[PDB]
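Taking it in order: structure first as structure tokens, then the write-up.
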Amino acid sequence: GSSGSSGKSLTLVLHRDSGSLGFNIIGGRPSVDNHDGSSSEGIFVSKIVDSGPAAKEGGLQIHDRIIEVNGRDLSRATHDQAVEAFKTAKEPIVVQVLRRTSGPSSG
């Protein structure tokens, strides 16, 4: 068989309190430099509104890489897309993040 590789994937349901998922994302730079070094973009959480439905029931976690949102892949998407995704996203919004092992270091 073949299923998995590293890290773990969790699901989180996000909602919209009012044009505010209740958090912020980072990544996606408007620079398409020739392929050589750092390439591809990523969507991560740098902020999270407590009072927001993202921190409330959302389940999100500051410094978390979004894998999918409402079924929309944003792993290689940009803030623009991510934003739009979460914007055009409907509740409940099924989001997935990639979190390392449950217990990092220290057996």
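Lettering and numbering for the structure tokens are positional, with chains as A, B, ... in the shown order, residues counted from 1 in each chain, and ligands counted from 1 in the shown order.
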
message: Please list as a list in words every residue within 8 Å of residue 8 of chain A, counting only C-alpha atoms and excluding residues in the same chain fewer than 4 positions away.
response: residues 98, 99, 100 and 101 of chain A

message: Could you list, as a PyMOL selection string, every residue within 10 Å of residue 29 of chain A, counting only C-alpha atoms and ignoring same-chain residues fewer than 4 positions away?
response: chain A and resi 40-42+78-80

Output C-alpha atoms of each residue in that selection to a file, as a PDB file, in the first residue's frame.
```pdb
ATOM      1  CA  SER A  40       6.083  27.842  -5.604  1.00  0.00           C
ATOM      2  CA  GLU A  41       3.996  29.599  -2.981  1.00  0.00           C
ATOM      3  CA  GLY A  42       2.311  28.490   0.222  1.00  0.00           C
ATOM      4  CA  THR A  78      -1.526  32.673  -3.208  1.00  0.00           C
ATOM      5  CA  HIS A  79      -3.025  35.042  -0.664  1.00  0.00           C
ATOM      6  CA  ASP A  80      -5.190  36.352  -3.480  1.00  0.00           C
TER       7      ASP A  80
END
```

task: Please provide the set of residues having any atom within 9 Å of residue 72 of chain A, restricted to only C-alpha atoms, with same-chain residues fewer than 4 positions apart removed, written as an MDAnalysis selection string.
output: chainID A and resid 67:68 82 85 89 95

- request: Find the residues near segment 51-62 of chain A: any atom within 10 Å, counting only C-alpha atoms, skip ones fewer than 2 places away on the same chain, and give them as an MDAnalysis selection string.
  value: chainID A and resid 10:18 20:25 44:49 64:66 92:97 99

- request: Using backbone DSSP assignments, extract all strand (DSSP E) residues from chain A; output them as an NGL selection string.
  value: :A and (8-14 or 23-26 or 44-48 or 65-69 or 72-73 or 93-99)

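Considering the residues A:6, A:84, A:39, A:106 and counting only C-alpha atoms, residue 70 of chain A has its shortest atom-to-atom contact with A:84.
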
message: Just list as a PyMOL selection string whatever in segment 7-104 of chain A DSSP marks as helix (DSSP H, G or I).
response: chain A and resi 53-58+79-88
